[PDB]
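Report on the structure given below.
Each chain gets a letter, A, B and so on, in the order the sequences are listed, and its residues count up from 1. The figures that follow rest on heavy atoms only: side chains count, while hydrogens, waters and symmetry mates do not.
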Amino acid sequence: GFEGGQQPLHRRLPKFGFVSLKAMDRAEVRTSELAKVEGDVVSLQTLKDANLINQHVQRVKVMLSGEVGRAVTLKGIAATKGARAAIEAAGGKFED
Amino acid sequence: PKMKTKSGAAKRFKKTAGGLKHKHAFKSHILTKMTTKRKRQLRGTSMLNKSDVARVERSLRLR
RNA sequence: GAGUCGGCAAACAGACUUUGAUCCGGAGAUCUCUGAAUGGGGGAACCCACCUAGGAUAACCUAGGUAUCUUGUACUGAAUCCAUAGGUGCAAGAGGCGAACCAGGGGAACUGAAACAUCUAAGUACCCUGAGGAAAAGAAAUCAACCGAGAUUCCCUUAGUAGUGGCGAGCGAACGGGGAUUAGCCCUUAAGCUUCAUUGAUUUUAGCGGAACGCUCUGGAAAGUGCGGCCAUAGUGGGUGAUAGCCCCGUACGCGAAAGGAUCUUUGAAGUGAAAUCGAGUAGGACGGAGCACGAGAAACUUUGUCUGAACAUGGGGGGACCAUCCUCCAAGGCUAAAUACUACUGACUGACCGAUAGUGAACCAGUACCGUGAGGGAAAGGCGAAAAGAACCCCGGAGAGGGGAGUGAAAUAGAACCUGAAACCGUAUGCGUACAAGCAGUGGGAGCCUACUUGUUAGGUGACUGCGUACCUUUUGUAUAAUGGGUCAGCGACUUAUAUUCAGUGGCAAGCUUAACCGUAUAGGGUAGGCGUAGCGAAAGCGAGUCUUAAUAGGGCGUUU
RNA sequence: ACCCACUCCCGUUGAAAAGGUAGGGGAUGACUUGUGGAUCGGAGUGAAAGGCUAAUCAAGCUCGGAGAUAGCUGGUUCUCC
RNA sequence: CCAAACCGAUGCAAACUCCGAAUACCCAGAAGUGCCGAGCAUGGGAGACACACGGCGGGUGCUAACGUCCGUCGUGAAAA
RNA sequence: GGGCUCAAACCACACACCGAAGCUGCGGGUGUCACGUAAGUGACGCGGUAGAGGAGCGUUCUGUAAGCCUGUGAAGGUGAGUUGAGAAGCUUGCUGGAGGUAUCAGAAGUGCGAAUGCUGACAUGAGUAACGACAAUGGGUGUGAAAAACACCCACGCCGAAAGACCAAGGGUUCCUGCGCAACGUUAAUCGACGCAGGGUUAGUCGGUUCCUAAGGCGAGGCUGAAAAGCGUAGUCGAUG
RNA sequence: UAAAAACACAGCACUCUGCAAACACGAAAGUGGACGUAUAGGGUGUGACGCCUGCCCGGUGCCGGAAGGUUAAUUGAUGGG
RNA sequence: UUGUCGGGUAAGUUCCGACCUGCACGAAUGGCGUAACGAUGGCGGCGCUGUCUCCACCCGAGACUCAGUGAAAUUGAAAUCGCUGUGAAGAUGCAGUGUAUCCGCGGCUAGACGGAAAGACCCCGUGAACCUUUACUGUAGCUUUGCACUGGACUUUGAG
RNA sequence: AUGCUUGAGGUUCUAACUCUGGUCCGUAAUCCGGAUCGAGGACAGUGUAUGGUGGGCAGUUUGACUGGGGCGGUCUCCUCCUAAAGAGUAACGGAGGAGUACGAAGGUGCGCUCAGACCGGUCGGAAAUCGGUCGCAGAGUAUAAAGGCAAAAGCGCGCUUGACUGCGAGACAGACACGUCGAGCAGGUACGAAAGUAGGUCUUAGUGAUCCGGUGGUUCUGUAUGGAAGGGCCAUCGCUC
Ligand SMILES: [Mg+2]
Ligand SMILES: [Mg+2]
Ligand SMILES: [Mg+2]
Ligand SMILES: [Mg+2]
Ligand SMILES: [Mg+2]
Ligand SMILES: [Mg+2]
Ligand SMILES: [Mg+2]
Ligand SMILES: [Mg+2]
Ligand SMILES: [Mg+2]
Ligand SMILES: [Mg+2]
Ligand SMILES: [Mg+2]
Ligand SMILES: [Mg+2]
Ligand SMILES: [Mg+2]
Ligand SMILES: [Mg+2]
Ligand SMILES: [Mg+2]
Ligand SMILES: [Mg+2]
Ligand SMILES: [Mg+2]
Ligand SMILES: [Mg+2]
Ligand SMILES: [Mg+2]
Ligand SMILES: [Mg+2]
Ligand SMILES: [Mg+2]
Ligand SMILES: [Mg+2]
Ligand SMILES: [Mg+2]
Ligand SMILES: [Mg+2]
Ligand SMILES: [Mg+2]
Ligand SMILES: [Mg+2]
Ligand SMILES: [Mg+2]
Ligand SMILES: [Mg+2]
Ligand SMILES: [Mg+2]
Ligand SMILES: [Mg+2]
Ligand SMILES: [Mg+2]
Ligand SMILES: [Mg+2]
Ligand SMILES: [Mg+2]
Ligand SMILES: [Mg+2]
Ligand SMILES: [Mg+2]
Ligand SMILES: [Mg+2]
Ligand SMILES: [Mg+2]
Ligand SMILES: [Mg+2]
Ligand SMILES: [Mg+2]
Ligand SMILES: [Mg+2]
Ligand SMILES: [Mg+2]
Ligand SMILES: [Mg+2]
Ligand SMILES: [Mg+2]
Ligand SMILES: [Mg+2]
Ligand SMILES: [Mg+2]
Ligand SMILES: [Mg+2]
Ligand SMILES: [Mg+2]
Ligand SMILES: [Mg+2]
Ligand SMILES: [Mg+2]
Ligand SMILES: [Mg+2]
Ligand SMILES: [Mg+2]
Ligand SMILES: [Mg+2]
Ligand SMILES: [Mg+2]
Ligand SMILES: [Mg+2]
Ligand SMILES: [Mg+2]
Ligand SMILES: [Mg+2]
Ligand SMILES: [Mg+2]
Ligand SMILES: [Mg+2]
Ligand SMILES: [Mg+2]
Ligand SMILES: [Mg+2]
Ligand SMILES: [Mg+2]
Ligand SMILES: [Mg+2]
Ligand SMILES: [Mg+2]
Ligand SMILES: [Mg+2]
Ligand SMILES: [Mg+2]
Ligand SMILES: [Mg+2]
Ligand SMILES: [Mg+2]
Ligand SMILES: [Mg+2]
Ligand SMILES: [Mg+2]
Ligand SMILES: [Mg+2]
Ligand SMILES: [Mg+2]
Ligand SMILES: [Mg+2]
Ligand SMILES: [Mg+2]
Ligand SMILES: [Mg+2]
Ligand SMILES: [Mg+2]
Ligand SMILES: [Mg+2]
Ligand SMILES: [Mg+2]
Ligand SMILES: [Mg+2]
Ligand SMILES: [Mg+2]
Ligand SMILES: [Mg+2]
Ligand SMILES: [Mg+2]
Ligand SMILES: [Mg+2]
Ligand SMILES: [Mg+2]
Ligand SMILES: [Mg+2]
Ligand SMILES: [Mg+2]
Ligand SMILES: [Mg+2]
Ligand SMILES: [Mg+2]
Ligand SMILES: [Mg+2]
Ligand SMILES: [Mg+2]
Ligand SMILES: [Mg+2]
């Protein structure tokens, strides 16, 4: 970062933003990853057993990335409009 | 030991897919004399210039 | 179980030993003086005593006792009547040393911040205290987050993240997860720990046995050559006159303790833990500090120098200002193994460690010589040979030094300053050149001479005469420079290593890839906690192949077609 | 005598890390001197020169922090394309 | 006796211009030649940021300096 | 520079020649492209500091290797020859006397002329300066391998409020005798404060010890201080008295 | 490498100090001052002796005063959350 | 500024006396005098002289030679001349030219930018040290008040 | 006001506390401690908190450029020349300016054209206002210079707030950070009948990053939960840094 004594770029520019502490427990699961879960039910603990999310993850969201291979039930897991359509197209369903 | 990121650089340069974002200078405290166009075009983030990437990439411990 | 009287380092003496010596191990005895040093003193290794008991008559001798302080106890005991302070005796204990590890008291600066004061270095160095083989800590007035976990300690992650920071340089978590270990007990008195018995197991401190090879060649010597065998739960050990599974000592393996030490145990005994009886000058508060990653910050929590100061489970603490609700715990009393740290010391084993300028400073009589008043600093120095067979004798010489023969030896130009024996540097001999000739000393041309055979289209040595030609390094715009550095030789002497990381090359696997600690008859295999990738945009909530900005689905930013 | 150190010369790889020869000053005093003792490192001591504190002084020596730091100087070792 | 203006003749100017080149620069199209490439982009690794002289155009100095400061080209640097 | 003048000067013109590592010729090596799925051909290149890129040599150790070489001679040392573009390799004579290592890999304390580098050895200066008070020597005799220096004798000279004799401190055997001379002695040495061995120091009265205290030290308790300690009472040491 | 005109000095003056003195060394205890007591002790300047030592109190220091202004910790009225 | 005048000398930037135009004396950082004193500064004189004109002779000790012993700094290597040029700008080494047989010894110091000490002057380094102050920030000590140790009583002092 | 909570000065008292005052004892003793007498006395003194003072002591800072350094000057921005007819281009080269101003001196619609000279005319004059001719920008343009200016960009008047909010194709300039110009789209306006014009001023100076703090908004976050604090985002303020 030393620029010869000129005001460095890492001090000419302003600090901005804040880090989100609420986003440290969240993870995103692709639709291509839902078929790698065991037991036909996609859940918080079942995604941890499949090693698709970390152990500390407490809330999961599914977004459309890849194709849902097999019909699975999403229990307590949020999804996007595109992901929800793809999951239900393959025969899946959602539970609160 | 493991490399220590410069705290000040990490507070001014966010890494996104596409470069490092940063705010603009000259938007802090002398703003009446500045035109609205100048203040509006100095608002928002921006990608790091090509010549500053390696230097900042080294300030952060990403290289 | 046959030699021995330690080594440098032998020579003669005098002896000991199969009536079992030397030697090795256990247990005893003796154990001067100094040193905590302790009867008093002192310039350490010295000086001077006293008390008791015994025995000598002379001018002493033997044995024991005689420090201080702490704890306990007994007797005495002031000012002052009782007391107390004090004094005397006794018993027990302590003191000192030791490399590190542990807990605690005190606590820098250089340095970094490209200056410097906050900050950093760093609670480091150092000084001091105490303890133990470990120490400390330790059984939630703890986290968590409405689900739960369940003491302490240590390792890997989370993560160089949250945060902190003249928001500079820097500092830097926790939650959660994976592991190693696992243990909890009491104040209506226990788990433990210590000591002394005691019952058995090992273990340690000397040792014993331990297989199997000959001929031949070279050679000083065979273990090496050639041929043919044998042992192996013993084959890459050390020696032996060169390279040995079978020559010796060993090795695998199997045995072994009169005696002592130690560790596990089975009971028993006291002792302790033990603070008694659930915690008040305590929790909380104000001021000033310190610590918590957190530098006053919006600053919770811990701690306390000053000052204050509750409640009593219908109560109290915490959940990071603070309030309410909820959850969770019960402080002001204690004890507690394992996993963890270290190695001055003892043994074994090992090394893509050194091999005498290396490796310890020290291979050698080295913390020595030497230097210093002192604290302290601090070297140099290894090799004959297989075996002293270490040169009888003769000669020169000063009854020298040193040599010449002789002899020993495989070898003496291996002769004791001894393996090899380089270079600088110094000589002797031979060949050629050199006393009318100017300078980086060479290089190009080149006569003659000398030597040797190949006898002149050769090899070697020298080189008259002549063209050209001002070393090298460094540093510089530029150096013959009269700028720098080097007297020469030999040896040594400078881009390393660890941990994070990026790019490239080359491999493995591939929408997956890879494990860390750790476990593991251990480079295998397991362990997938974690890290990276498969999605981005946004400060963020969030949305998501989109997202952000915006009134805008418009424009534009970044992203998406691998 | 003893203490001192004003001048010149010598000496300057010295006989000597401060001397010698010749001259010079004090020489009963605020004198010189032996033995023993006290004071020392931001400290001492100083009839005061920043003098002296073991040939070392505008902050001794010794070990440690310590391989301080050095934007400076020097040096940096085989070959070829 | 001095002198505004005007008229005519007559000169100068880096900070005057009624004018005004050569070159140089920008763009387009086109042949051949590029040593197999010149160009550009991205990334790995630098070194360098004391320059010197000569020519030409200048400032400065005295159109002095092997002076000093720019522009531009050549050589030295790093080239026998 | 010699020298030069109808030039060996100057002006003009012309034809020759000399002249470089430039160009050409001949032979060789190498880089990059292209053609070649080849050996190789073709074209153009090949000065170079800082610096980037590429390709190698060699050294020590580990594996390959319980292999291979080696007393019919290893490593090392010293000559000769030879091979390669180079770092270097190979063969051999002599010396040496027991170890070495092919190949291909792997690791590095891996390459030295410079650092007023470090250690040792040895040069140059140079057989030069100097041989340390200018108090001073001469001769004879002896001994001895050897005498200016040792011993003795005869002379001479120097100090004599020391250059003589002591006490203290300090040193520690240097004292004396026999033997001896390598080194030490600024020369030689028979001599010595030097080497080897032996001998030598005798106390009621000398000086210590013992007794007593000065300055000052230490200091039971004690007072003070984060600790370490500081101060100090009773005491106990401490001569220079 | 400086012996002086430098330092000291007798004398002078200013100032502090009532004794558990001022002052100094010491985290402190204590010690020096001093087993002294203003004719004493400390600090400062001047420097035998002789004649003398003038003017300035604005600045700075020191001494004395305290009406007013300002002013610390502390206390916590009041307001706003 | 060697001020000017006077004295002293043949001649006096020094000296002594004086003037006052004191760049920029001055009264206890004392002013002005002052006997005695001083290895104190300046100036003049007598004596005396090798200080000098101008050195000569002599005496010892070195130097020199012989015998014995035996250093030093320095040193890239040397087959190490002059001159004039050239040149990192002052040449034994370059160019041209001149001179010059080889090697010692005693002497002398013109050069070898001779030896010695990584210039001390000067400048630089975001170097050091020590010193100063009304530089900054601190701090020992001294001092102020609150609270504690710390109490009784009586009196001048606001609101309940 | 009998009586009542409690501040601040003074005077007494003794009982804390102090005595480097006497006496006694421990005790063979100037320490010390205890007892007692005496003297002070809630003072002094000490801890803690706080104001002052404080080179007694400490850690440090004390710029650069520069024809050596110092002294003097300069340091950012604008204009001209140097500057070699694109851009750029140095000197302690040659000359000047800036660190503002204006709610009108901005926008628009409408309308106008200066300076100067001469002649005539009360005070009135060289020069005031008036009329006429010439004049043709020699004036003006807030301000220095340069470049511009007739659709005047100069001057007057009416109405106004476009000195708007979101942006923004595309460029210029450029190490970065900054900087400049801007058609067009949307929202909402002003002036004009309308086409249109307007995102400040003829243009080029009039300026200061980050950090930190303050103020106005905010659908963001909110350490168990709901809030809040605090933080983020947007707007804006505080540097002769
Ligand atoms: Mg996982
Ligand atoms: Mg803002
Ligand atoms: Mg004793
Ligand atoms: Mg004793
Ligand atoms: Mg009694
Ligand atoms: Mg102990
Ligand atoms: Mg610094
Ligand atoms: Mg123990
Ligand atoms: Mg324990
Ligand atoms: Mg529960
Ligand atoms: Mg056997
Ligand atoms: Mg052998
Ligand atoms: Mg409790
Ligand atoms: Mg508390
Ligand atoms: Mg609490
Ligand atoms: Mg909370
Ligand atoms: Mg408890
Ligand atoms: Mg060694
Ligand atoms: Mg050797
Ligand atoms: Mg024989
Ligand atoms: Mg041998
Ligand atoms: Mg030998
Ligand atoms: Mg000849
Ligand atoms: Mg010659
Ligand atoms: Mg030839
Ligand atoms: Mg020549
Ligand atoms: Mg130069
Ligand atoms: Mg040259
Ligand atoms: Mg040279
Ligand atoms: Mg020379
Ligand atoms: Mg040299
Ligand atoms: Mg006299
Ligand atoms: Mg001085
Ligand atoms: Mg000294
Ligand atoms: Mg110092
Ligand atoms: Mg350090
Ligand atoms: Mg160093
Ligand atoms: Mg073109
Ligand atoms: Mg520069
Ligand atoms: Mg430059
Ligand atoms: Mg230039
Ligand atoms: Mg020049
Ligand atoms: Mg120049
Ligand atoms: Mg260069
Ligand atoms: Mg020709
Ligand atoms: Mg040729
Ligand atoms: Mg050629
Ligand atoms: Mg060819
Ligand atoms: Mg070429
Ligand atoms: Mg090349
Ligand atoms: Mg070898
Ligand atoms: Mg060498
Ligand atoms: Mg070199
Ligand atoms: Mg000589
Ligand atoms: Mg001579
Ligand atoms: Mg001589
Ligand atoms: Mg003599
Ligand atoms: Mg002899
Ligand atoms: Mg005598
Ligand atoms: Mg004798
Ligand atoms: Mg001799
Ligand atoms: Mg003797
Ligand atoms: Mg004492
Ligand atoms: Mg004691
Ligand atoms: Mg005594
Ligand atoms: Mg005596
Ligand atoms: Mg003197
Ligand atoms: Mg005086
Ligand atoms: Mg006169
Ligand atoms: Mg006079
Ligand atoms: Mg004066
Ligand atoms: Mg006066
Ligand atoms: Mg005076
Ligand atoms: Mg005198
Ligand atoms: Mg001689
Ligand atoms: Mg010359
Ligand atoms: Mg001479
Ligand atoms: Mg010199
Ligand atoms: Mg220098
Ligand atoms: Mg008080
Ligand atoms: Mg200071
Ligand atoms: Mg510092
Ligand atoms: Mg400067
Ligand atoms: Mg131009
Ligand atoms: Mg041009
Ligand atoms: Mg008129
Ligand atoms: Mg008129
Ligand atoms: Mg205008
Ligand atoms: Mg909350
Ligand atoms: Mg906010």
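Using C1' as the reference atom, C:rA435 and H:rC102 are 4 Å apart when rounded to the nearest Å.
Note on A:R26: a base of the nucleic acid sits closer than 4.0 angstrom, heavy atoms only. Here A:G82 lies in heavy-atom contact (under 4.0 Å) with sugar-phosphate atoms only.
At least one side-chain nitrogen or oxygen of B:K50 sits closer than 4.0 Å to the OP1 or OP2 atom of E:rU42. Regarding contacts with the backbone of C:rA545, a side-chain N or O of A:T80 is found under 4.0 angstrom from either OP1 or OP2. Residue B:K27 places no side-chain N or O under 4.0 Å from the OP1 or OP2 atom of I:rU236. Within the 4.0 Å cut-off from OP1 or OP2 of C:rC167, not a single side-chain nitrogen or oxygen of B:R12 is found. Put simply, B:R43 has a side-chain N or O that comes within less than 4.0 Å of OP1 or OP2 on I:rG166.
If you measure from atom NZ of B:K23 to atom P of C:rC167, you get 22 Å, rounded to the nearest angstrom. Rounded to whole Å, the distance from NZ on B:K14 to P on C:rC558 is 19 Å. Atom CG in A:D49 sits roughly 12 Å away from atom P in C:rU528 (whole-Å rounding). Rounded to whole angstrom, the span from the NZ atom of A:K61 across to the P atom of C:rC537 amounts to 16 Å. The separation between B:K11 atom NZ and I:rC233 atom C1' is 18 Å, rounded to whole Å. Atoms CE (B:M47) and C1' (C:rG536) sit 11 Å apart, rounded to a whole Å. If you measure from atom CD of A:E28 to atom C1' of C:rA535, you get 6 Å, rounded to the nearest angstrom. Here the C1' atom of nucleotide C:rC543 and the CE atom of A:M63 are 12 Å apart, to the nearest Å.
A negative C1'-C2'-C3'-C4' dihedral is found for the sugar of F:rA38, placing it in the south range.
No N or O donor and acceptor, one from the side chain of B:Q41 and one from the base of I:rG166, sit under 3.5 Å apart. Side-chain atoms of A:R30 and base atoms of C:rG533 include no donor and acceptor less than 3.5 Å apart.
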- Determine, for nucleotides 156-163 of chain C in 5'-to-3' order, which nucleotides have protein heavy atoms under 4.0 Å from the base (write B), from only the sugar-phosphate (write S), or from neither (write -). ---SBSSB

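A cation-pi arrangement is found for B:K14 relative to A:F16, the charged atom lying closer than 6.0 Å to the ring centre and inside a 45° cone about the ring normal.
Between F:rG185 and F:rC191, a Watson-Crick or G-U wobble pair is formed, both defining distances falling under 3.5 Å.
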